[PDB]
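Report on the structure given below.
Throughout, protein chains are lettered first and strands after them, A, B, ... in sequence-line order, and every chain is numbered starting at 1. Atom set for the values below is all heavy atoms of this structure, side chains included, hydrogens, waters and symmetry mates excluded.
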Amino acid sequence: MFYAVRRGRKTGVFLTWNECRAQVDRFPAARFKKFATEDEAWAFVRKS
Amino acid sequence: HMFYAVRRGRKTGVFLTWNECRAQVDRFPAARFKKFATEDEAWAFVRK
Amino acid sequence: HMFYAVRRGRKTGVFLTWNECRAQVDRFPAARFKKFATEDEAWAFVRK
RNA sequence: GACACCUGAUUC
DNA sequence: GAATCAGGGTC
Ligand SMILES: [Mg+2]
Ligand SMILES: [Mg+2]
């Protein structure tokens, strides 16, 4: 799966929940979502 | 299949997306809302 | 659907619904309650 | 079920 | 500020 963080410490797409969570855990109002394709993860990122 | 029943909020009723329901219950005192899988169940919550 | 343990409240004990638990702790000074997976854990909290 | 976070109620 | 509960991305 591809982890999209559109809002967090460090935005971008990540390949693991482990790295994804470092950006969003304890970060107020973090916006993230996992996807099956890189293309979708990136679309999410760019929607802000 | 996402139905958000707003029993207590800016506007009461059933909504199809969380963003919609959120705008009626966020920062609203004693807001009462719940998400259901079927429109029917959402109305019950709203009319009870 | 868990077990609501009320250590301090109008009536203490273990309740099965938030409503019943709520009726005992809401606006009760110094109310102490928590939900547990089992009844045993719950009655454990009631006696501390 | 758990974790994080948002909002609300109550209590301290 | 904190806790408990209620309603609403990830594991
Ligand atoms: Mg990565
Ligand atoms: Mg709508």
Tell me whether the centres of the aromatic rings in B/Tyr4 and B/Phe33 are closer together than 6.0 Å.
-> no
Rounded distance in Å - CH2 (C/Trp18) to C1' (D/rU10) = 8 Å
May I have the distance from C/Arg8 (atom CZ) to D/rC12 (atom P), rounded to whole angstrom?
-> 10 Å
Counting only side-chain N and O atoms of B/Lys34, is one of them less than 4.0 Å from OP1 or OP2 of E/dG7?
-> no
Shared ILVMFWY cluster between A/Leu15 and A/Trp42, side chains joined below 4.5 angstrom?
-> yes
Taking the side chain of C/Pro29 as its heavy atoms from C-beta onward, which of E/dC5, D/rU11, E/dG8 lies nearest to it?
-> D/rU11
Determine the contact category for C/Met2: base if any of its heavy atoms lies under 4.0 Å from a base atom, sugar-phosphate if only primed atoms, P, OP1 or OP2 are that close, otherwise nothing.
-> sugar-phosphate
For the pair made of CZ in A/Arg6 and P in D/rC5, what is the distance, rounded to whole Å?
-> 20 Å
Between C/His1 and C/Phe28, the residue closer to the 5' end of RNA chain D by nearest nucleotide is C/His1
Rounded interatomic separation in angstrom, taking CD from B/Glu41 and P from E/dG7 | 14 Å
Side chain of A/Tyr3 (C-beta onward), nearest among E/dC11, E/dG8, D/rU10 | E/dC11
For residues A/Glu19 and A/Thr16, is any side-chain donor paired with an opposing acceptor at under 3.5 Å?
-> no
Separation of atom CZ in B/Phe3 from atom P in E/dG8, rounded to whole Å | 15 Å
Grab the CZ-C1' distance between B/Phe15 and E/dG7 for me, whole Å please.
-> 15 Å
Closer to the 5' end of RNA chain D via nearest nucleotide, is it A/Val24 or B/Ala31?
-> A/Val24
Looking only at D/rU7, D/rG1, D/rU10, the nucleotide nearest the C/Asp26 side chain is D/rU10
When all nucleic acid strands are considered with a 4.0 Å heavy-atom cut-off, which category describes C/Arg32: base, sugar-phosphate, or nothing?
-> nothing
d(CG, A/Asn18; P, E/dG9) in whole Å = 21 Å
Would B/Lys34 count as a cation-pi partner of B/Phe36, with NZ or CZ less than 6.0 Å from the six-membered ring centre and within 45° of the ring normal?
-> yes
Tell me whether B/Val14 is reachable from B/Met2 by hopping between hydrophobic residues (I, L, V, M, F, W, Y) whose side-chain heavy atoms are closer than 4.5 Å.
-> no
D/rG8 P sits how many Å from B/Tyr4 OH, rounded?
-> 19 Å
Proximity to the side chain of A/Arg21 - top-ranked nucleotide from D/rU11, E/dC11, D/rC3 | D/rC3
So which nucleotide does E/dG9 pair with, by the Watson-Crick or G-U wobble rule with both distances under 3.5 Å?
-> D/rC3
Residue A/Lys34, side-chain atoms from C-beta onward, closest of E/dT10, D/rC6, E/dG7 | E/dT10
